[PDB]
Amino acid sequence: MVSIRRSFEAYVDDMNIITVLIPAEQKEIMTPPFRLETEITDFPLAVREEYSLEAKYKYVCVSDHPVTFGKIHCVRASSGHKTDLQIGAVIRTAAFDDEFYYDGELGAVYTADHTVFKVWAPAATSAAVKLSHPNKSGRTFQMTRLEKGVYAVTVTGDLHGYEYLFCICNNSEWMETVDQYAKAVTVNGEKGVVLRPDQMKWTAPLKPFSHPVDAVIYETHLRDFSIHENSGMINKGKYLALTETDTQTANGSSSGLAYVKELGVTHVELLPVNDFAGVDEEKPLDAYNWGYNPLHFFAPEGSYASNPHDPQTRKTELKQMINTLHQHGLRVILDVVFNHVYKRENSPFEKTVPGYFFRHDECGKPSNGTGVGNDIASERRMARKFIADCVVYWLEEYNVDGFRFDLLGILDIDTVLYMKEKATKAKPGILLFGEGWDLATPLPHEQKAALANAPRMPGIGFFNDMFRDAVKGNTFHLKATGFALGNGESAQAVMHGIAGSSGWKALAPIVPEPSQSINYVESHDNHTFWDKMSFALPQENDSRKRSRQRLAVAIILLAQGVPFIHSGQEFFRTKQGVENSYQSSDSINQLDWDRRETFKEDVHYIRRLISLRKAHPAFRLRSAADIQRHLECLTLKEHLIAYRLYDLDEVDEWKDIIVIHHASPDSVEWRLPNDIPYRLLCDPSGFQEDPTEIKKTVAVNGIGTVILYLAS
């Protein structure tokens, strides 16, 4: 690794302190007094303290006046030697943040007449914009430093289609980088692209969503969803697939958009659609990736587009997909990754303002609470601005309906509340939730947007890992089993989840209100419910396993809270035992439409459970207080849980509702809390077309759910 040759080193580690490092074998030569120099300036430096290091001797110096950024600084030793003042830790100080915070817009501001380019690079001494265009003249123009560390330049002419890169000079080293706010990029996101507004017209206006507990979330990956040969969709693994109406499998079973609509889901959650690394857009079939390797936060991923070479195309297709879903009454949730970037060292953040956008440990090294290399320092003011900017942009430009925050716990609460204010204002009713894991990132525990602090984040939901493990079984231990798999030890936790996880007797609340509990038993992470259960119950036949998985769905779908379903879960999706399929082949990750046909009856069961939920508000109480007033547990045994919803006068169409979950293949009788005749709406066999009436007792035969209801 080559480098600029320098006599000694000097860094601005704080607004008024300069650290001078002198190579050991020069300690007696390059000695103090040290002076700071710049055009029009030459001041003395006071040595607060000095001490030896491995191969260098250090001097912690103080300056009477705070360092002025944007200009090259020289520090001279008494020996006459000099070196350029480099950037130190000063960038991560509150003082530095308050001095340079910029509240204006950044990026490329286009007009048919001219484009204004702006980049925040407070610690830099120079910046320029590099313009290029297919078969055209390339030009690089110096940018001017304005207030708040912002560099800008106005380029006359119509820049539509022009590619651009920023050149930022930090510590006398120029780095080339894509605009952090790039809203379009070239294939494989190598350069940003300036594009005129595409005049997209949203023709499927939707009123703000009623309430979180009224949603049914369906998590899917754009490639997985339609890549299968029998998917019935033409644009396999592309944005346009979901725009295809009335598609069906070879045997005639509904597929794609029609399928999703038919299931009764309200929100389709998509894995990362912003540009990420992991798939060569030039050869999309040669590799696969979930997409959790952020490159450009304001631009779409190119492998899902019909043509990744034409900058506007991916934008057009993602917007059409979203508008079409809306035309069909479906809403969209975007999985976003503001907790880290792919390859910190070469990221736009690091190349523009070194050390600013990432958290560091006490030793000065990048923290790794995310476990993937770096943690975005959301608490830094321009980072908080970026995240808020990004969320509002996706809402305004792509008209989405919510966001699932990957590693939500890595973000700081103030940032979360700040973006929430801006996001809900731009789009009333949107869903905002994520995995509030308490991770080892350098933030005080009460500042982490973790589950534990849910009480301070009203309007933000969290994946309920407790309810997940209670029903399915511990996720960390393959063999561990949950209530649905026959473990009576988790019956109470399950009942707690059924009640919205907002407190149950001796059990402390998981979240304050049910609107904040994302109830699920499967997601793209870890083994699918089918594969997990297959390892935990190696001696159980497929038929029984199917009943257990259907049981887990009924528990979640008939539970207070916000139901979440992993795509393919409805038909026992399997990944061949793969635990973490982030980069596995399509054979592993594709949505198996053949399996969808095979278990069309099971899929139908979950469809009925969803319709049941939608037709009865009793399952969608809006507060822990209302739940305490209409839900009560009637029986809690190792393999049997019976609860009921009552006093539903102005709540439900039905006067009383009883739900019994049985997790054992044996048969048992269950006494009702009264002798009034009820309607047998469902049993382990599934829903009954013509509900028979039963009295005093009811048979509970095998694994499954029985539902009784009293009309009015």
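A residue's number is simply how far along the shown sequence it sits, counting from 1.
Between 281-289 and 358-366, it is 358-366 that carries the larger average Cα temperature factor according to the deposited entry.
Just going by the entry, 345-353 versus 86-94 on mean CA temperature factor gives the higher value to 86-94. Out of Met321, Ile410, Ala508, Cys167, it is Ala508 whose C-alpha atom has the highest B-factor in the PDB entry. In the PDB entry, the Cα temperature factor peaks, among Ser517, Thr475, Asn339, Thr528, at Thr475. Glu379: CA B factor in the lowest third of modelled residues in this chain (values from the PDB entry).
When the modelled residues of the chain are ordered by their C-alpha B factor, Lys71 lands in the highest third.
When the modelled residues of the chain are ordered by C-alpha B-factor, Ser543 sits in the highest third. In the PDB entry, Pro617 places in the middle third of its chain by CA B-factor. Placement of the Cα temperature factor of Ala123 within the chain: lowest third of the modelled residues, per the deposited record.
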